[PDB]
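J.: Provided hereafter are the protein sequence and its experimental coordinates.
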Protein chains: 2
Amino acid sequence: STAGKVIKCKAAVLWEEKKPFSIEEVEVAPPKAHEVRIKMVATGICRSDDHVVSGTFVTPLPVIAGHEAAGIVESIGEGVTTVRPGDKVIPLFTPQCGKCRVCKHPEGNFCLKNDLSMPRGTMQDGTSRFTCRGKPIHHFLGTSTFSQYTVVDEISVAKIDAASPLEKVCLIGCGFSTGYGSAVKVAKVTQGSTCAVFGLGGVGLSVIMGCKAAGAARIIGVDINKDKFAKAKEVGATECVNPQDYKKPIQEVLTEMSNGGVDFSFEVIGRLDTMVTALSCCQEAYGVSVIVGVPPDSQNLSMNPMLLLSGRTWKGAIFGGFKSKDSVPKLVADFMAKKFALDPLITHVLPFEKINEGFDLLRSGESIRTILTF
Amino acid sequence: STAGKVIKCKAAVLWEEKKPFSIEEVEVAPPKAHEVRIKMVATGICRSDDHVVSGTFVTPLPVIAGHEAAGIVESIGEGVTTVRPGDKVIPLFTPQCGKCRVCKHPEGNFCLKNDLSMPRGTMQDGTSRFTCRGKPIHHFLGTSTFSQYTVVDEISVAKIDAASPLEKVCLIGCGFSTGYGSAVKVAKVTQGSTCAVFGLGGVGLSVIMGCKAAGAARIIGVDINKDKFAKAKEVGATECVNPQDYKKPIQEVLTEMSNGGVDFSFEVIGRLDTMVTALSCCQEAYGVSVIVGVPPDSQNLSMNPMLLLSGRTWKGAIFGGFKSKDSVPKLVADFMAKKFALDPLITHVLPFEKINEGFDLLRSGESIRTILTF
Ligand SMILES: NC(=O)c1ccc[n+]([C@@H]2O[C@H](COP(=O)([O-])OP(=O)([O-])OC[C@H]3O[C@@H](n4cnc5c(N)[nH+]cnc54)[C@H](O)[C@@H]3O)[C@@H](O)[C@H]2O)c1
Ligand SMILES: NC(=O)c1ccc[n+]([C@@H]2O[C@H](COP(=O)([O-])OP(=O)([O-])OC[C@H]3O[C@@H](n4cnc5c(N)[nH+]cnc54)[C@H](O)[C@@H]3O)[C@@H](O)[C@H]2O)c1
Ligand SMILES: [Zn+2]
Ligand SMILES: [Zn+2]
Ligand SMILES: [Zn+2]
Ligand SMILES: [Zn+2]
C-alpha cells in the first residue's frame, strides 16, 4: 500500500517562464489532515496553464501547473468525509469551503480560500507536498494536475459518478463549466436574444453551447483565426466575423449587425482592448457584457464610464459562477444523461509525456482542447 | 388667450460657459404637432444643470437649461392625446417614445429619442421654440425648465395628479427618482444588506432613502463635506465617513468596516476616481456597484479588470432605471399616498429671479435642493 508513504512519480515541472515543461521524477508527500492524494487519469491543456508559462498569470515558480483534470483517489488524510479511496474525482481550482461569506451567499462562488487572487502556490496550510531534485515545488490553484499524483485540500475536490469517462469529464473541471456557466448562470442569456462571443477556443465554444442551450436566436462568434469558425458554427454560432476583415472597429460592426447592439457579449480571450470592445458592442441601455478571459498581470484597461451610465451591465466570473463542489458532480451527471456534449471541444489526444507537443498545438492555433492521458 | 400665439416671457439664458444665467425676455413659439407648451410652476437646481455651466456636460450653447421641474399645460399641438390644457405635468429629460427597442425592452429606460448621448439641444424635429434678442436658443434634454414657459415633445412629458404640490414633486423629475430607482430598481438592494453611498447631495440622499426602503441593514454615507452627514443619517444612513479623515484609501476602510466588502455601492458624485473606489469597495465575488454621477466630458477611467473577473457587477443608469412616462405619475401617486418623503431634500426655496443665488448655494456646499418658484 502507498497510503501514508511518499510517492515518487513523474510530473511536468515548470522551472522558468517561457521554457518547456520538464517531465521528471517528483516526490509527492502523503496527505495531511483534510487532504486527498489523487492518481491522475486525464488532464486538459487550458490557455490559463499557458498563461503561467508566458507570465500572463503570475504564480510562484518553480511550479506544477494543471487545473482541468480528473482522477481516482489514492488515499485520504485524517478527517476527510467527502471522498474515499477509489472514488473518481475532479480537482476544483476554485474551492468551496462552505463556510466563508461567499460560499454562504446564494450567488457567490469565488470562495475566500482560493489561490487565484494573490497566488501563493501552496496548500491551504502554506506548505508544499512536492519535492523535485530535493527542492520544494509550488502548487497551482490548489490543484497541480500535471502530475501522476497530486495532493489537494478536501475543499478543492469533488466526488463524481463512478461510471464517469474521465478522459471526457476532465473538461468539467475548467473549460466547459466556465464557458457554459458564464452564459447560463452569469449572463443569464434569454430566449430569442442576440449574443456575441469574443474568442472561439474551448471556453468560447462552451459559451456558445450555453447561449444555444438558453435559446439565443443569434450567436455571433468573433475570432481573428478564421480556422475556428467551422467548429463554432457546429456548436451553435449563427454567424462568425473576423475583425481583421473590416475597416471599422468590430464594436461598430457588431452594433450595426445587431441593429443597435447585442443583448449579451462575452470576452473569452484575455485582452484589455477586447474587454472594452465587448462592453461597447452590447446595447447601451440594457446590454450585459461578461469578462471571462484572464487579463495580463497587473495591467489596467481604460474606458469611458458613459458606456455604463446609459444602462449597460459589466461583470466577470471565475468558473462560470458555479459553486464548484456542489456543481461539478451535477454537471457530470448531466453529461452522463447527454444534456450537453464535450467531444466538440476535444480536438487532440496525447499521452502526458507529450505535454510539450500539446502546448505547441495550442500555441499554433491548431487545437481547442488536447487531453493528456497518464 | 395665449394658445396659438408666441409668448414673451422671462427665462434664464446661459449664453456661454462659466458665466451667470441671464434672466431676460425670450419668445416661446406655440407648440407644433405632438408638442406641449407648459407654464412652469417650480424647478429644482440639480448638479447636472451646473455641469452645463462648468463644461462638465457638453450641450450646445446658448441654452435654456433646467430639467427637474413641474408645471401646468398652457396648450397642446395637433395630435396630442396624453395631456390637456390645465393638467399638472412633469417634463421628462429621458423621453419614453414607446416605439424603440429600448422602450419595448422590460429593463430598458434610456429611450433612443433622448438628447443626452449626443446632444443637439433641439425639439425632436431638429428646431428650437426659443428666441432671445433675435437669436435662436437651444433646448436642454428636451425640457428647458429655467423659463416661465417651455415647449416639449409629447414623449417628454407626463401628466400627474391634479392635487400634486408642484413645489415638492418637481424633484420626481430628476433627483429623487434617480437616486431612489438606482437603489430599488437598478441595484435591487436586498433586505439585510450593507450599502455604501458616495456623495450625499440630493441624489445620494435619495439613494439612501431607496436603500432604507429596500431594508438594508447598514447604509454607509461617504462625503468629503461632513456638513452633509446629519441629513444623511436622518434619511437612513447608519454610519458616515469622510475619506479626508483616514490615512488609508477609503475603499480599504469600507472593506474593513463591512468585514470584506459591501453588498451594494453607489457613485453619486461624478468623479472617475470615486467610480473605481466605489467598485473596489463592493465584495469581490458578489458585490454590485452602480454609477449614478455624470462623468466629466470625454474622460476615461483606468481600472484593473480582475475587479470584475472575481464576480463583481458594475452598472450605471439614467433616471434610476425608470421608464419615465410610465413611472413619473406612479411616483407622484406614491408621494401623495405618503410612501416616501421629499421635504428632507429641500433646503432652500427661492423665487426664479434668484436662480444665480441658488446655484451659488449648491456650489458652496450649503444646499441640497433649492426649489425655484415662478
Ligand atoms: N474566468 C475563468 O474562470 C476562466 C476559465 C478558463 C479560461 N479562462 C481564460 O479564458 C481565455 C480563453 O481560454 P481558452 O478558450 O482556453 O483559450 P484559447 O483556446 O487560446 O482561445 C482564445 C481564442 O481567442 C482568439 N483571439 C486571440 N486574439 C483575439 C482578438 N484580438 N480578437 C478575437 N479573437 C482573438 C484566438 O484566436 C483563440 O481562438 C483565456 O484568457 C483563459 O485564461 C478563464
Ligand atoms: N444618472 C442620472 O440620471 C443623474 C441624475 C441626477 C444627477 N446625476 C449626477 O449625480 C451627481 C450628484 O448630483 P447631486 O446630488 O445633485 O450633486 P451634489 O448635491 O453636488 O452632491 C454631490 C456630493 O458629492 C460630494 N463629493 C464631492 N467630491 C467628493 C469625494 N471626492 N468624495 C466623496 N464625496 C464627494 C459633495 O460634497 C456633495 O455632497 C452629479 O454628477 C449629477 O450630475 C445623475
Ligand atoms: Zn468558501
Ligand atoms: Zn482553465
Ligand atoms: Zn423609446
Ligand atoms: Zn438631474
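T.: Arrived safely. Residues are numbered from 1 along each chain as shown, chains lettered A, B, ... in the order given. Ligands and ions are numbered 1, 2, ... in the order given.
J.: okay, helices next: where are they in the stretch 201-350 of chain A?
T.: Under the criterion DSSP state H, counting those that start in this stretch, helices of the stretch 201-350 of chain A are mapped to A:202-213, A:229-235, A:250-257, A:272-281, A:306-309, A:324-336.
J.: now stretch A:158-169: buried residues?
T.: Neighbour counts using 16 or more other Cβ atoms under 10 Å in any protein chain shown place A:158, A:159, A:160, A:164, A:165, A:166, A:167, A:168, A:169 of stretch A:158-169 among the buried residues. Where C-beta positions appear, they are placed from N, C-alpha and C, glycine not excepted.
J.: for the stretch 151-300 of chain A, which residue gets nearest to ligand 2?
T.: Per Cβ to the nearest ligand atom, residue A:285 is where the stretch 151-300 of chain A lies closest to ligand 2, at 12.5 Å.
J.: how about the contacts made by that residue?
T.: A:310, A:311, A:312, B:102, B:105, B:108, B:109, B:110 (Cβ atoms under 8 Å, 6 or more residues apart in numbering or on different chains).
J.: residue A:371 belongs to a strand?
T.: Yes. Membership of residue A:371 in a strand is supported by DSSP: H, G, I helix; E, B strand; the rest coil.
J.: that one and residue A:346 touch, don't they?
T.: Yes. The criterion here is Cβ atoms under 8 Å, and residue A:371 meets it with residue A:346 at 5.7 Å.
J.: neighbour-wise, which of those two wins?
T.: Set residue A:371 next to residue A:346 and count neighbours by other Cβ atoms under 10 Å in any protein chain shown: residue A:371 wins out with 25 against 18.
J.: contacting residues for the more buried one?
T.: Per Cβ under 8 Å, 6+ apart, neighbours of residue A:371: A:42, A:43, A:44, A:167, A:168, A:170, A:171, A:346, A:348, A:349, A:350.
J.: quick one on the thing from earlier: now list whatever residues contact both of residue A:371 and residue A:346.
T.: Residues touching both residue A:371 and residue A:346 by Cβ under 8 Å, 6+ apart: A:168, A:171.
J.: which strand residues bridge the closest residue to residue A:239 other than its chain neighbours?
T.: If the residues on either side of it in the chain are set aside, residue A:239 comes closest to residue A:220, at 4.8 Å by Cβ to Cβ, 6 or more residues apart in numbering or on different chains. Residue A:220 forms beta bridges with residue A:196, residue A:239, as assigned by DSSP bridges.
J.: so who does residue A:220 touch?
T.: For residue A:220, the contact set (Cβ under 8 Å, 6+ apart) comprises A:194-197, A:237-241, A:254, A:257-258, A:262.
J.: any idea how far it is from residue A:254?
T.: Distance of residue A:220 to residue A:254, given as Cβ to Cβ, to the nearest Å: 7 Å.
J.: what touches both of those two?
T.: A:196, A:241, A:262.
J.: hmm, residue A:287 and the last one touching each other?
T.: Yes. Here residue A:262 reaches residue A:287: they are 6.4 Å apart, a contact under Cβ under 8 Å.
J.: mutual contacts of these two, please.
T.: Residues within reach of residue A:262 and of residue A:287 at once, by Cβ under 8 Å, 6+ apart, are residue A:281.
J.: identify the residue of the stretch 1-150 of chain A closest to ligand 2, quick one.
T.: The stretch 1-150 of chain A approaches ligand 2 most closely through residue A:107 (25.2 Å), counting by Cβ to the nearest ligand atom.
J.: got the phi and psi for that residue?
T.: Main-chain torsions, residue A:107, degrees, to the nearest 10: phi -120, psi 10.
J.: tally of neighbours for it?
T.: Residue A:107 has 14 neighbouring residues, counting by other Cβ under 10 Å.
J.: that one: what's its closest spatial neighbour, skipping adjacent residues?
T.: Closest to residue A:107 by Cβ to Cβ, 6+ apart is residue B:286, at 5.2 Å.
J.: contacting residues for the one you found?
T.: Contacts of residue B:286 (Cβ under 8 Å, 6+ apart): A:102, A:105, A:107, A:108, B:263, B:311, B:312.
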